[PDB]
Structures are given as C-alpha cells and as structure tokens.
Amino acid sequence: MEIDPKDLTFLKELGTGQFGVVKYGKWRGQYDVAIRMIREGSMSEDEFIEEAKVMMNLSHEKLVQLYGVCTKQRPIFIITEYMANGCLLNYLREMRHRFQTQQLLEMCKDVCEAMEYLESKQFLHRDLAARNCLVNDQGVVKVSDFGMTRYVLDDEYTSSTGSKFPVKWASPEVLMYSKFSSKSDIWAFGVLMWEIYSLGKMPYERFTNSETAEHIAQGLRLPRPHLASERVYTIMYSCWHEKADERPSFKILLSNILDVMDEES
C-alpha cells in the first residue's frame, strides 16, 4: 500500500528513535497515524521495501498495524497505527503503582497473541523486547518493529558482539551462532514477561554483555519477580530452556496463559 504524502497532515512530533524521527498526524483528515521518517543510510532501503510488502500483509488486533509507505521521495516514510501511550517500558514505569497483577497478565497475553500470529506466518520478530512494544489509548499492548533488524546496516546493532546488540534478550543459539528462529523469539518473550512483571526493570541491569553471555552459558536465568506467581514464572521460565527444541510454541505458551487466567479468576 503506497500512500500519497499529500494525504498526510503532520500535527505533532513524537520524538526520535533508532530508525528515525517519528511524528503524529492524520491521514486524509480523519485517521490517526504515526509517521516515521527513515534516516538515509540507516537501513537497506530496497531490501526493506520488498519486506515492507510482507509486513503490510501482517494483520492482527495485537500487532501495531503498518498502513503503508511513501517511497517516491527520500527519506521514505513508514505510516503506522498511532499508539497514544507510547513505549511499553514507559507505560510500565508510569503507572506501575496502579497496575493489578491481572493487568500484567493481560499484557503478556496481548504480546503472546501477536507473536502467535507472527509464528503462524513464519515471520520472526528478531528483536522482541519491551523497547518495541507500544500501548494504545485503551491500554492494549501491541508488538512493533517486527523484523526490522534484518535491514539495519549499523555494524554494532547487527553484530552479536556489538555494543548495540540486545544481548540480555538474546537466546544462547543467537549469541553463539546467530541462529534466529521462533525459539529465539520465545526466549525474548520470556524476558519480556520478566520486564512486564518487573515493571520495566532492565534485565541484568548491572551486567555487561559478556557477563550476561557467560551467565546464560552456565545455565543460569533471570529470577522470579516478586510480583510473579509460581504459575506465571513457570511459563516464562519455560521459554529459557537451553535446548531450543524444548521451548514451547507461542500457541502452547498462549494456552498456558489462558489457563492461568481461568485459574486466577
């Protein structure tokens, strides 16, 4: 879906991310959108444009919807669903004093549903983390930037030894061999659940990249958050099996989450 940039009205700046400065505006006068401006030189644009066609066809209620791109000028624009409440980590860190444990479980369910959709399309996120989940005006958490790191040039972000890499959300098979799969997303999902139930602490907030890799190499894990019940910790902990093939699928993870919701009501 190519959008005509003459149909965009820019209203407010939402700040600047890694891929680009992003603004809030309206599309054809009526529809809320976010508009990302993609910095020249930051992404393999021709490869991204081919992949943008696939992301355009990803559609799930718990996935931030990509509405289209503007590619007949430079910089290219990404037009997406507007998420009034911003980053999940900021959201957790804003009203953490207000959340009920029932609310934290629903957020986990939101992300799991999005990932189950992605898993059903054999589409890897590649960088699942709270830093790319957003929250709408109804408090719904949505997954964002899915599959965006494959097109990033910067050498440190892509490299697994870079100072940009998400070591602390990376599974062993990624850190050792750059072996991405659904099971690497599962690992990250477990870490994300830790972030949600930890009200947005950085995992291993005191550790370097190297020390974290050594920790995971020794088979050690993040601890149970005080706010996490026994059952919920078991689900998230299951995502961190040393053997990728022993980790659950998002469908199985989801059913487990629904089972605890039925159990905790």
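Quick note: we count residues from 1 along the sequence shown, nothing fancier. Heads up, when I say rigid core I mean the largest set of C-alphas that superpose within 1.5 Å between the two forms.
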RMS Cα shift after core superposition in 4 other deposited structures of this protein, winner of 15-23 and 246-254: 15-23
Which stretch is less alike in 4 other deposited structures of this protein, 108-116 or 158-166, counting RMS CA distance after the rigid core is superposed? 158-166
Mean Cα B-factor check, 89-97 vs 190-198, entry values; winner is 89-97
Higher mean Cα B-factor in the deposited model: 75-83 or 100-108? 100-108
Maximum C-alpha temperature factor, selected from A34, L63, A228, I216: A228
Position of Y67 among the chain's modelled residues by C-alpha B-factor, lowest, middle or highest third: lowest
Rank-wise, by C-alpha B-factor, drop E2 into the lowest, middle or highest third of its chain. middle
Going by the recorded CA B-factors, say which third of the chain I38 sits in, lowest, middle or highest. highest
Among all modelled residues of this chain, ranked by Cα B factor, put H241 in the bottom, middle or top third, i.e. lowest, middle or highest. highest
Record-listed C-alpha B factor of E119: chain third: middle
